[PDB]
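Let me begin by presenting the structure, written as C-alpha cells, before commenting on it.
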Amino acid sequence: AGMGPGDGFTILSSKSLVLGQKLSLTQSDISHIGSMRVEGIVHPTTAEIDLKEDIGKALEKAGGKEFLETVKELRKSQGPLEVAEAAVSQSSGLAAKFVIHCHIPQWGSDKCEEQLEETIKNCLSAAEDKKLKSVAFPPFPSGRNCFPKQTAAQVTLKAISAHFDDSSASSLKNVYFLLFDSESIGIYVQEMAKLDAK
C-alpha cells in the first residue's frame with residue numbers, strides 16, 4: 001500500500017527524531033507540486049531567484065501570472081539573495097501555503113559544505129517563521145561540478161538534526177525529501193540509517 005502527502009507523492013522510508021520530528025523520503029512527481037499536501041516548499045535557486053529546474057518550472061506552471069508577480073516583487077524588495085539566504089513568497093496554485101526560496105552555495109566554493117548546512121537551517125527557519133507544520137525539500141540541483149550526492153545528503157541530514165536539537169518550540173513536525181531517482185533514493189536511505197531515530 002503506497003501512501004503519501006497528496007496525489008503524486010509516495011512515502012518510501014521515514015525516521016523519527018528524538019524530539020518527535022518525522023523525516024520522510026518521498027517518491028515524487030514534481031509536476032504535481034500543486035497537489036502536495038506539505039505547507040512549505042523549498043525552491044533552491046540563485047541570487048536572482050530564477051525559476052529553473054523541475055521545481056522552478058513546476059512552481060512557475062502552477063503559479064501563473066500571480067506567482068511571476070510575487071517573485072518579481074520579492075526580487076525588488078529583498079533581492080538579490082545572499083549565499084545561504086532564504087526568502088518567502090505566498091503560494092499561487094498550490095496546496096502549500098508558501099514557497100521558501102533559497103540561494104544554494106556552489107560546490108567547490110570556500111566552505112561550501114558549511115554554507116549548505118546554513119542554507120538548510122535558514123529554510124527551516126523561514127518555514128517556522130510562518131508557523132508551518134511541514135516542509136518539503138526538492139532535489140538538490142545537479143549541473144556541472146555540482147555537489148556530490150552523498151555529501152549533499154550527509155550535510156542536509158546533519159543540518160536538520162542540528163536545527164531541531166537547537167529548538168524547543170519550532171512548529172515543524174514533518175520534513176519530506178522529494179526524490180525520484182533510484183540512486184538518489186538509495187543514498188538518502190544509506191545516510192538516514194546513521195541518524196539517532198525511530
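Couple of notes before you dig in:
- Filter result for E85 (among the acidic types (D, E) and in contact with a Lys or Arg (Cβ under 8 Å, 6 or more places away or on another chain)): no
- Summed over region 113-140, the residues that are out of contact with any strand residue (DSSP E or B) (no Cβ under 6 Å at 6 or more places or on another chain) and either among the charged types (D, E, K, R) or crowded, with 19+ Cβ neighbours inside 10 Å (or both) give a count of 14.
- Test: residue in region 16-36 that is under 26 Å from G186 (Cβ atoms), surrounded by fewer than 19 Cβ atoms within 10 Å (Cβ to Cβ), among the charged types (D, E, K, R) and touching a strand residue (DSSP E or B) at 6+ places or on another chain (Cβ under 8 Å): yes
- Among residues of region 140-180, those that are within 24 Å of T46 (Cα to Cα), out of contact with any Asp or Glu (no Cβ under 7 Å at 6 or more places or on another chain) and part of a loop (DSSP other than H, G, I, E, B), counted: 9
Let's see how each residue does on (1) in contact with a helix residue (DSSP H, G or I) (Cβ under 7 Å, 6 or more places away or on another chain); (2) without any contact (Cβ under 8 Å) to a residue 12 or more places away in the chain; (3) under 26 Å from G63 (Cβ atoms):
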site	(1), (2), (3)
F98	no, no, yes
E118	no, no, no
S125	no, no, yes
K149	yes, no, no
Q154	yes, no, no
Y188	yes, no, no
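- Within region 83-132, considering residues that are in a helix (DSSP H, G or I) and of a type in the set (S, T, Y), the one nearest to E48 (Cα to Cα): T119
- If you go through region 35-47 and keep only what is closer than 20 Å to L172 by Cα and not in a strand (DSSP E or B), you end up with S35, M36, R37, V38, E39.
- Residue in region 141-161 that is farthest from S16 (Cα to Cα), counting only those that are surrounded by fewer than 14 Cβ atoms within 10 Å (Cβ to Cβ) and of a type outside the set (S, T, N, Q): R144
- Taking the numbered list (1) part of a strand (DSSP E or B); (2) of a type outside the set (A, V, I, L, M, F, W, C); (3) exposed (fewer than 14 other Cβ atoms within 10 Å of the Cβ) in turn, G64 passes all entries but (1).
Laboratory data are not the source of any read-out in this text; all were calculated from the coordinates shown. Reconstructed Cβ throughout: ideal geometry from the backbone, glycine too, with neighbour counts over all protein chains shown.
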